[PDB]
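Structure first, commentary second.
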Amino acid sequence: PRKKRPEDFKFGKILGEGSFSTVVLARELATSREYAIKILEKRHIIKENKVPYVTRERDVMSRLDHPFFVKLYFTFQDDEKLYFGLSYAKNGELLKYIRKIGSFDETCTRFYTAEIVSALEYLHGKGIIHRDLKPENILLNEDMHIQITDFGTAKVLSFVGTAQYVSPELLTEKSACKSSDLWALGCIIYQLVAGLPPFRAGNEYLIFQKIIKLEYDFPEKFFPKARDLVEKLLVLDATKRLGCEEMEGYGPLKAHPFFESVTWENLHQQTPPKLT
Ligand SMILES: NC(=O)Nc1ccc2c(c1)=C(Cc1cc(-c3cccc(C(=O)NCCN4CCCCC4)c3)c[nH]1)C(=O)N=2
């Protein structure tokens, strides 16, 4: 199949903006298909020494083949810019829904947590670490299943993700591991239930302080089984987090009582609970 060009598309609104890319909604003229096209400027990438990150994004996404991940359909470039044609996840960032309805009830929390767990099991099965898992990086497609994105900063078995989801080892030994993503999962579950992430403060230095001290509390309402799970994930020692290899992997994690009524095998086939 011939390489696509910018002229093959009618570009529309901006879906996302970051430091090194802009995601634009585009309609392909030949098919009327909609893609989220991520556009990177070559000069800026080179000037900021990000070529390894752009290269890794492309390489990681081509290896992923699972419904809970944004897919890479095509790439091309012109003189100034790289273009990656990605899945258009019509309902946007999970963060928007958390802000919109405040907290998730237990059924919605359990369902979307289970999807994120299944996605991490697949990702870690590929020897890949995300390193920046967070609600902004978890999209919702038209059917309200998740699609995780943003892989330029992944590590395939230097970088620190968004402060409130950074794991202790990142701040202490400067190392990242699969377990680092499980710390982020713990933060996300907490945020889904509480409406806010567990470690928050007026600036990044203070957030970091609280993290290494494990300084946070549960709200009185917090679903008790969800609380038990979070306490097994937000563990300073990375080798003792439920789900990590030293704890015998995803079996014990998926067996946790919070997920008692989850059918793990066909989640993306299931109708998600309505979000209120
Ligand atoms: N860093 C990255 O790789 N970022 C990416 C990658 C791929 C990608 C990407 C970002 C996408 C972003 C995106 C953003 C949005 C979006 C942006 C702004 C508003 C909305 C929107 O109104 N959605 C309706 C659903 N609810 C309605 C109620 C309020 C919350 C949102 C969606 C839709 N899709 C996307 O669809 N595909």
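Nothing in this text is a laboratory measurement; each read-out follows from the coordinates by a stated rule. Please note: Cβ atoms are built from the backbone with ideal geometry, for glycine as well, and neighbour counts cover all protein chains shown.
Per-residue ellipticity at 222 nm for the chain, helices alone: DSSP H runs ≥ 4 residues times -39500 (n - 2.57), over residue total, nearest 500 deg cm²/dmol? Mind dumping the intermediate values first?
Working: 9 runs with 94 residues, N = 276.
Computed mean residue ellipticity for the chain: -10000 deg cm²/dmol.
Once you charge only the Cβ atoms, +1 for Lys and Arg and -1 for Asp and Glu, what is the size of the charge dipole of the chain about its Cα centre, to the nearest 20 debye? Intermediate values should be presented prior to the final figure.
Working: 40 positive and 38 negative charges, 147 e Å.
About 700 debye.
Among all the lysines, which ones have a C-alpha under 17 Å from residue 225's C-alpha, if same-chain residues fewer than 8 places away are not counted?
The reachable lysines, counting only those whose Cα sits under 17 Å from residue 225, are 254.
For residue 220 and residue 71, FRET efficiency with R0 = 45 Å and r from the beta-carbon atoms, rounded to 0.05?
It comes out at approximately 0.60.
Fewest Cβ neighbours within 10 Å first, please rank 136, 57 accordingly.
On the way: 136 18, 57 24.
Final ranking by Cβ density, sparse to dense: 136, 57.
Write down Rg/Rh for the stretch 1-92, rounded to two decimals, with Rg from the C-alpha atoms and Rh from the Kirkwood relation over Cα pairs.
Working: Rg = 13.0 Å, Rh = 13.8 Å.
Reported Rg/Rh, Kirkwood definition of Rh: 0.94.
Cα centroid distance between the stretch 176-229 and the stretch 91-135, in Å?
When both Cα centres are located, 14 Å separates them.
Rounded to the nearest 0.05, what FRET efficiency do residue 33 and residue 213 give with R0 = 45 Å and r taken as the Cβ-Cβ distance? Could you check? All intermediate terms of the calculation are to be shown ahead of the outcome.
Numbers: r = 49 Å, r/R0 = 1.10.
So, using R0 = 45 Å, E works out to roughly 0.35.
Please report, for the Cα atoms of the chain, the Rg to one decimal and the Dmax as a whole number; what are they, in angstrom?
19.0, 58
Could you tell me which of 98, 124, 148 has its Cα farthest along the dipole of the stretch 93-274 towards the positive end, charges placed at Cβ (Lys, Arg +1; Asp, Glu -1), taken about the Cα centre?
Sorting the options by dipole projection puts first 98.
Quick one: what does P(r) look like for the stretch 169-225 with 5 Å bins over all Cα pairs, in whole %?
Once binned at 5 Å, the Cα pair distances of the stretch 169-225 give 4, 16, 24, 27, 18, 8, 3, 0.
May I ask you to sort 10, 4 by Cβ crowding, counting other Cβ atoms within 10 Å and putting the fewest first? It would help to have the intermediate numbers written out before the result.
Details: 10 12, 4 19.
Final ranking by Cβ density, sparse to dense: 10, 4.
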